[PDB]
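Visitor: Just one file: start20.cif, with mmCIF, C-alpha atoms and all ligand atoms.
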```cif
data_work
#
loop_
_atom_site.group_PDB
_atom_site.id
_atom_site.type_symbol
_atom_site.label_atom_id
_atom_site.label_comp_id
_atom_site.auth_asym_id
_atom_site.auth_seq_id
_atom_site.Cartn_x
_atom_site.Cartn_y
_atom_site.Cartn_z
ATOM 1 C CA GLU A 1 0.000 0.000 0.000
ATOM 2 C CA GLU A 2 2.674 2.473 1.149
ATOM 3 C CA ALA A 3 1.672 5.529 3.186
ATOM 4 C CA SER A 4 2.982 8.605 5.023
ATOM 5 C CA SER A 5 2.455 9.346 8.727
ATOM 6 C CA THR A 6 1.538 12.925 7.850
ATOM 7 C CA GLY A 7 -0.601 11.479 5.074
ATOM 8 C CA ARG A 8 -4.359 11.063 5.408
ATOM 9 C CA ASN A 9 -4.452 7.317 4.677
ATOM 10 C CA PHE A 10 -2.004 6.494 7.479
ATOM 11 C CA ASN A 11 -2.869 3.688 9.850
ATOM 12 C CA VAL A 12 -0.425 3.965 12.759
ATOM 13 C CA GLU A 13 -1.908 0.696 13.978
ATOM 14 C CA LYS A 14 -0.194 -1.188 11.170
ATOM 15 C CA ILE A 15 3.328 -0.265 12.373
ATOM 16 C CA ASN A 16 2.801 -2.252 15.571
ATOM 17 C CA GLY A 17 5.274 -5.027 16.265
ATOM 18 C CA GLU A 18 8.747 -6.187 15.332
ATOM 19 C CA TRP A 19 11.282 -3.911 13.629
ATOM 20 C CA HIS A 20 15.037 -3.824 13.097
ATOM 21 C CA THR A 21 17.364 -0.909 12.561
ATOM 22 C CA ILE A 22 18.859 -1.270 9.052
ATOM 23 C CA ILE A 23 20.356 2.173 8.263
ATOM 24 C CA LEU A 24 20.856 5.391 10.218
ATOM 25 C CA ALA A 25 21.739 8.775 8.671
ATOM 26 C CA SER A 26 22.441 12.136 10.260
ATOM 27 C CA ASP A 27 23.478 15.739 9.771
ATOM 28 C CA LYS A 28 25.880 15.156 12.658
ATOM 29 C CA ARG A 29 27.645 11.872 12.097
ATOM 30 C CA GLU A 30 29.076 11.579 15.617
ATOM 31 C CA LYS A 31 25.520 11.055 16.932
ATOM 32 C CA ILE A 32 25.251 7.720 15.120
ATOM 33 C CA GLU A 33 28.836 6.508 15.286
ATOM 34 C CA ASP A 34 30.206 3.838 17.643
ATOM 35 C CA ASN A 35 29.780 5.899 20.808
ATOM 36 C CA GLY A 36 26.771 7.912 19.680
ATOM 37 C CA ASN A 37 23.631 8.375 21.783
ATOM 38 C CA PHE A 38 21.422 7.906 18.741
ATOM 39 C CA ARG A 39 22.981 4.658 17.532
ATOM 40 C CA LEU A 40 19.860 2.804 18.608
ATOM 41 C CA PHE A 41 18.703 -0.596 17.502
ATOM 42 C CA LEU A 42 14.937 -0.728 17.419
ATOM 43 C CA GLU A 43 13.275 -3.997 18.410
ATOM 44 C CA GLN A 44 9.593 -3.250 18.851
ATOM 45 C CA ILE A 45 6.970 -0.551 18.529
ATOM 46 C CA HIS A 46 3.841 -0.778 20.632
ATOM 47 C CA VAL A 47 1.081 1.451 19.279
ATOM 48 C CA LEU A 48 -1.218 2.932 21.920
ATOM 49 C CA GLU A 49 -4.107 5.362 21.430
ATOM 50 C CA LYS A 50 -2.142 8.620 21.784
ATOM 51 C CA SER A 51 1.448 7.365 22.066
ATOM 52 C CA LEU A 52 4.090 4.860 20.890
ATOM 53 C CA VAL A 53 6.174 2.686 23.206
ATOM 54 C CA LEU A 54 9.617 2.232 21.613
ATOM 55 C CA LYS A 55 11.891 -0.599 22.680
ATOM 56 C CA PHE A 56 15.574 -0.429 21.718
ATOM 57 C CA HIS A 57 18.923 -1.897 22.572
ATOM 58 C CA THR A 58 22.152 0.050 22.467
ATOM 59 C CA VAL A 59 25.692 -1.250 22.012
ATOM 60 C CA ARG A 60 28.830 -0.382 23.953
ATOM 61 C CA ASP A 61 31.870 -2.578 23.326
ATOM 62 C CA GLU A 62 29.715 -5.561 22.329
ATOM 63 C CA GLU A 63 27.811 -4.988 25.585
ATOM 64 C CA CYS A 64 24.104 -4.573 24.903
ATOM 65 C CA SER A 65 21.650 -2.822 27.191
ATOM 66 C CA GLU A 66 17.935 -2.213 26.869
ATOM 67 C CA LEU A 67 16.247 1.136 26.593
ATOM 68 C CA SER A 68 12.583 2.054 26.342
ATOM 69 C CA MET A 69 10.869 5.317 25.486
ATOM 70 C CA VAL A 70 7.293 6.591 25.203
ATOM 71 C CA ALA A 71 6.603 9.013 22.338
ATOM 72 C CA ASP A 72 3.475 11.193 22.508
ATOM 73 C CA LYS A 73 1.395 12.411 19.559
ATOM 74 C CA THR A 74 1.759 16.166 18.997
ATOM 75 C CA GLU A 75 -0.824 18.369 17.337
ATOM 76 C CA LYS A 76 0.757 17.982 13.918
ATOM 77 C CA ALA A 77 -0.599 15.133 11.783
ATOM 78 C CA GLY A 78 1.565 12.022 12.056
ATOM 79 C CA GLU A 79 4.144 13.615 14.348
ATOM 80 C CA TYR A 80 5.349 12.375 17.752
ATOM 81 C CA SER A 81 7.656 13.825 20.400
ATOM 82 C CA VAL A 82 9.948 12.308 22.997
ATOM 83 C CA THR A 83 12.545 13.644 25.438
ATOM 84 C CA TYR A 84 15.924 11.922 24.945
ATOM 85 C CA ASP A 85 19.237 13.786 24.937
ATOM 86 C CA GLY A 86 17.204 16.892 24.153
ATOM 87 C CA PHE A 87 13.750 17.293 22.654
ATOM 88 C CA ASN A 88 12.856 15.226 19.589
ATOM 89 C CA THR A 89 9.986 15.301 17.137
ATOM 90 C CA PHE A 90 9.622 12.662 14.449
ATOM 91 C CA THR A 91 7.414 11.666 11.557
ATOM 92 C CA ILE A 92 7.277 8.690 9.226
ATOM 93 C CA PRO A 93 7.587 9.965 5.637
ATOM 94 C CA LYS A 94 7.301 6.515 4.044
ATOM 95 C CA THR A 95 6.330 2.977 5.018
ATOM 96 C CA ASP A 96 4.680 -0.065 3.434
ATOM 97 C CA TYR A 97 3.922 -1.506 6.884
ATOM 98 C CA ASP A 98 4.913 -5.099 6.116
ATOM 99 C CA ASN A 99 8.508 -4.532 5.034
ATOM 100 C CA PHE A 100 10.103 -1.133 5.599
ATOM 101 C CA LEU A 101 9.651 2.042 7.583
ATOM 102 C CA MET A 102 11.491 5.335 7.012
ATOM 103 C CA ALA A 103 11.607 7.886 9.876
ATOM 104 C CA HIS A 104 12.664 11.544 10.061
ATOM 105 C CA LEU A 105 13.629 13.015 13.431
ATOM 106 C CA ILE A 106 14.660 16.494 14.561
ATOM 107 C CA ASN A 107 16.563 16.907 17.815
ATOM 108 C CA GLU A 108 16.947 20.152 19.737
ATOM 109 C CA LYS A 109 19.413 20.573 22.586
ATOM 110 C CA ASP A 110 21.564 23.315 24.056
ATOM 111 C CA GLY A 111 20.796 25.772 21.292
ATOM 112 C CA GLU A 112 21.589 23.365 18.455
ATOM 113 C CA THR A 113 19.559 21.166 16.115
ATOM 114 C CA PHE A 114 20.336 18.121 13.982
ATOM 115 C CA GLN A 115 18.332 15.805 11.751
ATOM 116 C CA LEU A 116 18.324 12.016 11.875
ATOM 117 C CA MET A 117 16.785 9.627 9.380
ATOM 118 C CA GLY A 118 16.328 5.904 9.903
ATOM 119 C CA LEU A 119 15.461 2.912 7.731
ATOM 120 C CA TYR A 120 13.779 0.070 9.599
ATOM 121 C CA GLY A 121 12.845 -3.435 8.464
ATOM 122 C CA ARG A 122 10.468 -6.203 9.549
ATOM 123 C CA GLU A 123 13.374 -8.532 8.696
ATOM 124 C CA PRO A 124 17.019 -8.095 9.722
ATOM 125 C CA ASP A 125 17.983 -6.779 6.273
ATOM 126 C CA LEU A 126 16.362 -5.023 3.335
ATOM 127 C CA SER A 127 16.906 -5.207 -0.401
ATOM 128 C CA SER A 128 19.646 -3.033 -1.909
ATOM 129 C CA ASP A 129 16.892 -1.282 -3.892
ATOM 130 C CA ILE A 130 15.107 -0.136 -0.747
ATOM 131 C CA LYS A 131 18.437 0.947 0.710
ATOM 132 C CA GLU A 132 19.060 3.098 -2.396
ATOM 133 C CA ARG A 133 15.587 4.621 -2.113
ATOM 134 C CA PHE A 134 16.486 5.619 1.411
ATOM 135 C CA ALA A 135 19.690 7.232 0.221
ATOM 136 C CA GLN A 136 17.624 9.238 -2.252
ATOM 137 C CA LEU A 137 15.317 10.511 0.490
ATOM 138 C CA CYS A 138 18.367 11.409 2.606
ATOM 139 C CA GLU A 139 19.698 13.437 -0.339
ATOM 140 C CA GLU A 140 16.409 15.331 -0.452
ATOM 141 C CA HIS A 141 17.028 16.369 3.132
ATOM 142 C CA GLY A 142 20.607 17.412 2.536
ATOM 143 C CA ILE A 143 22.227 14.308 4.061
ATOM 144 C CA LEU A 144 25.136 13.031 1.948
ATOM 145 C CA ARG A 145 26.069 9.361 1.585
ATOM 146 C CA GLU A 146 29.178 9.710 3.752
ATOM 147 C CA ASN A 147 26.782 10.329 6.647
ATOM 148 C CA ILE A 148 24.651 7.199 5.941
ATOM 149 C CA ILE A 149 25.640 4.141 7.963
ATOM 150 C CA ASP A 150 24.401 0.650 7.126
ATOM 151 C CA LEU A 151 24.029 -1.164 10.475
ATOM 152 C CA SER A 152 22.446 -4.342 9.123
ATOM 153 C CA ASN A 153 25.486 -6.502 9.952
ATOM 154 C CA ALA A 154 25.552 -5.052 13.467
ATOM 155 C CA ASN A 155 21.813 -5.203 14.192
ATOM 156 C CA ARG A 156 22.140 -8.445 16.157
ATOM 157 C CA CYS A 157 21.415 -8.806 19.893
HETATM 158 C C1 LIG B 201 11.396 4.556 14.654
HETATM 159 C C2 LIG B 201 12.402 5.142 15.694
HETATM 160 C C3 LIG B 201 12.584 6.710 15.599
HETATM 161 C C4 LIG B 201 11.334 7.307 15.366
HETATM 162 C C5 LIG B 201 13.155 7.036 16.972
HETATM 163 N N1 LIG B 201 12.694 7.674 17.983
HETATM 164 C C6 LIG B 201 13.430 8.277 19.174
HETATM 165 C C7 LIG B 201 14.963 8.080 18.771
HETATM 166 S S1 LIG B 201 14.866 7.441 17.085
#
```
Could I get this structure in the form of structure tokens?
Ligand SMILES: CC[C@@H](C)c1nccs1

Guide:
Amino acid sequence: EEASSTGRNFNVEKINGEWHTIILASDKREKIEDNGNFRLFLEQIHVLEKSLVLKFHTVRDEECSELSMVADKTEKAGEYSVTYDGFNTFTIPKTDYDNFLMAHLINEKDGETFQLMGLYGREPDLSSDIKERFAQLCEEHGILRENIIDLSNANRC
């Protein structure tokens, strides 16, 4: 089907369940690198009436730890907010529900802002074609390929 979170035909309900982080991209690469606070490996989304429960794991020297966050709907169509290392708002520009999900997040902290984009899959990896589509969307947002990190071979635990 394919829909947008800000789109009218969006069914947030259909994003419920298992996901995997496939690719992260950012305006500020350090945020997603080895020691970055936003290098998060999504495991599950639980869709509630006015919020999303997000379950992640993070990696630190092959040592995994769990992290959970609750994101609230804002007043903008298809947008959610969550406090984590600053204030974040995110939307879901594209998803087909049963295979991939593309997210766009804006973080604000200490007078600075950065953008993060993520490609998530129902399976541990996605086709190279979908990965290229993601790169194209990143380009549209001013994120170059040198700032796109494929984490598929690290999205284990
Ligand atoms: C799908 C996961 C996106 C939306 C995340 N939310 C808070 C940090 S990244």

Visitor: Box time for ligand LIG 201 (chain B): axis-aligned, enclosing all its listed atoms, 3 Å extra on each side; report centre and edge lengths in Å to one decimal, as AutoDock Vina command-line options.

Guide:
```
--center_x 13.1 --center_y 6.4 --center_z 16.9 --size_x 9.6 --size_y 9.7 --size_z 10.5
```

Visitor: Can you translate the PyMOL selection byres (((chain A and resi 118-132) around 7) and not hetatm) into the concrete residues it hits in this file, as a ChimeraX atom specification?

Guide: /A:18-25,98-104,116-117,133-136,152

Visitor: Taking only C-alpha atoms and all ligand atoms into account, name the residue in A:34, A:105, A:73, A:8 that is nearest to ligand LIG 201 (chain B).

Guide: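 For ligand LIG 201 (chain B), the nearest of the candidates is A:105.
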
Visitor: Between A:17, A:93, A:78, A:36, which residue has the minimum interatomic distance to residue 60 in chain A, considering all atoms listed in the file?

Guide: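 Result for the nearest residue to residue 60 in chain A: A:36.
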
Visitor: Considering all atoms listed in the file, state which residue in the set A:108, A:139, A:146, A:27 is at the smallest distance from residue 85 in chain A.

Guide: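 Of all the options, A:108 lies closest to residue 85 in chain A.
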
Visitor: Starting from the point (0.0, 18.6, 16.1), work out which residues of protein, DNA or RNA have an atom no more than 12 Å away when counting only C-alpha atoms; state them as an MDAnalysis selection string.

Guide: chainID A and resid 6 50 72:81 89:91

Visitor: On this structure, which residues satisfy the PyMOL selection byres (((chain A and resi 58) around 9) and not hetatm), written as a PyMOL selection string?

Guide: chain A and resi 37-42+56-57+59-60+63-67

Visitor: Here is a test: counting only C-alpha atoms, which residue of A:47, A:12, A:70, A:106 is nearest to residue 82 in chain A?

Guide: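 Of the candidates, the smallest distance to residue 82 in chain A is held by A:70.
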
Visitor: Please determine, counting all atoms listed in the file, which residue among A:32, A:157, A:48, A:69 has the shortest atom-to-atom distance to ligand LIG 201 (chain B).

Guide: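 Using all atoms listed in the file, ligand LIG 201 (chain B) sits closest to A:69.
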
Visitor: Give the answer as one residue: which of A:83, A:147, A:35, A:153 has the shortest atom-to-atom distance to ligand LIG 201 (chain B), using all atoms listed in the file?

Guide: A:83

Visitor: Just give me the gap between CA of residue 29 in chain A and atom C5 of ligand LIG 201 (chain B) in Å, one decimal is fine.

Guide: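 One can read the CA of residue 29 in chain A to atom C5 of ligand LIG 201 (chain B) distance as 16.0 Å.
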
Visitor: So that I can look at just that part, could you write range 49-62 of chain A with N, CA, C and O atoms, as a compact mmCIF listing (two decimals), in the first residue's frame?

Guide:
```txt
# COMPACT_ATOMS: atom_id res chain seq x y z
N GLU A 49 -3.18 4.39 22.01
CA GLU A 49 -4.11 5.36 21.43
C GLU A 49 -3.51 6.73 21.10
O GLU A 49 -3.81 7.28 20.04
N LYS A 50 -2.70 7.29 22.00
CA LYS A 50 -2.14 8.62 21.78
C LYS A 50 -0.61 8.64 21.91
O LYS A 50 -0.01 9.71 22.02
N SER A 51 -0.01 7.46 21.93
CA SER A 51 1.45 7.36 22.07
C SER A 51 2.02 6.09 21.44
O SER A 51 1.28 5.21 21.01
N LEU A 52 3.35 6.03 21.36
CA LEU A 52 4.09 4.86 20.89
C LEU A 52 5.06 4.45 21.98
O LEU A 52 5.74 5.32 22.52
N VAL A 53 5.11 3.16 22.33
CA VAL A 53 6.17 2.69 23.21
C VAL A 53 7.27 2.12 22.30
O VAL A 53 7.01 1.24 21.48
N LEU A 54 8.48 2.63 22.46
CA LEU A 54 9.62 2.23 21.61
C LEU A 54 10.61 1.45 22.44
O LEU A 54 11.06 1.92 23.48
N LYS A 55 10.94 0.25 21.98
CA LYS A 55 11.89 -0.60 22.68
C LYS A 55 13.16 -0.75 21.85
O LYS A 55 13.10 -1.22 20.72
N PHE A 56 14.30 -0.35 22.41
CA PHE A 56 15.57 -0.43 21.72
C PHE A 56 16.61 -1.20 22.53
O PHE A 56 16.42 -1.52 23.69
N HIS A 57 17.73 -1.48 21.87
CA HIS A 57 18.92 -1.90 22.57
C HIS A 57 20.02 -1.00 22.07
O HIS A 57 19.94 -0.45 20.96
N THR A 58 21.04 -0.78 22.88
CA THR A 58 22.15 0.05 22.47
C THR A 58 23.41 -0.79 22.63
O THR A 58 23.39 -1.74 23.40
N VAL A 59 24.47 -0.46 21.91
CA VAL A 59 25.69 -1.25 22.01
C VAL A 59 26.85 -0.41 22.53
O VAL A 59 27.00 0.76 22.17
N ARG A 60 27.65 -1.02 23.39
CA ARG A 60 28.83 -0.38 23.95
C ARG A 60 29.87 -1.47 24.16
O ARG A 60 29.75 -2.26 25.09
N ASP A 61 30.85 -1.53 23.27
CA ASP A 61 31.87 -2.58 23.33
C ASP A 61 31.25 -3.98 23.38
O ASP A 61 31.55 -4.77 24.27
N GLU A 62 30.37 -4.26 22.43
CA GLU A 62 29.71 -5.56 22.33
C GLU A 62 28.81 -5.85 23.53
O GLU A 62 28.24 -6.94 23.65
```
